[PDB]
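A.B. asks: Before I ask anything, here is the structure I am working with.
There are 2 protein chains.
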Amino acid sequence: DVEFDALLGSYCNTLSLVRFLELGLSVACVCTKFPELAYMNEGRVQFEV
Amino acid sequence: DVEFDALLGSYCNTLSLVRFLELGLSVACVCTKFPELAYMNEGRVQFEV
Numbered sequence: 001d002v003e004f005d006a007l008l009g010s011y012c013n014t015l016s017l018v019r020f021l022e023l024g025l026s027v028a029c030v031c032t033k034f035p036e037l038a039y040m041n042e043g044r045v046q047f048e049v
Numbered sequence: 050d051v052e053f054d055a056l057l058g059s060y061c062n063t064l065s066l067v068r069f070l071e072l073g074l075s076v077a078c079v080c081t082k083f084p085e086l087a088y089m090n091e092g093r094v095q096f097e098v
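What follows is the structure in structure tokens.
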């Protein structure tokens, strides 16, 4: 008697790595970085109109 | 501790300089200027028909 079992393939998934500036939405942003943001209580943005 | 910063990604548009001779309406005028109008009493314009 000859009998056996088998694995006939193992299939996986790859996560799509999405960057934000690669999107078409990024016109509504001005993506500038605070190196310090955790240290801030009140922030105001002042500009001349 | 009050930190003063300035962006480098975005700049304002404060003034919107509109000139009257940029408009389409400036056909309907004859824009000739005096540098002396306040010194003038009744000025007159003639027509011969």
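As given, the protein sequences belong to chains A and B, one line each in that order. Heads up, the first sequence is in the numbering used here, so the first residue is 1 and it goes up one at a time. Heads up, the second sequence is in the numbering used here, so the first residue is 50 and it goes up one at a time. We put the CB at the ideal spot given by N, CA and C, even for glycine.
Roughly how many angstroms separate the alpha carbons of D1 (chain A) and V18 (chain A), rounded to a whole number?
C.D. replies: When rounded, the distance between both Cα atoms is 54 Å.
A.B. asks: If you check the beta carbons only, do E42 (chain A) and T63 (chain B) fall under 8 Å apart?
C.D. replies: In this structure, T63 (chain B) does not lie closer than 8 Å to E42 (chain A) by Cβ.
A.B. asks: So with CB distances below 8 Å, who are the chain A contacts of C61 (chain B)?
C.D. replies: Simply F47, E48, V49.
A.B. asks: What distance in whole Å lies between the Cβ atoms of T32 (chain A) and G73 (chain B), which are believed to be in contact at a cut-off of 8 Å?
C.D. replies: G73 (chain B) to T32 (chain A), Cβ: 40 Å. No contact.
A.B. asks: In angstroms, rounded to a whole number, what distance separates the CA positions of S26 (chain A) and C61 (chain B)?
C.D. replies: In a straight line, the C-alpha of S26 (chain A) is about 19 Å away from that of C61 (chain B).
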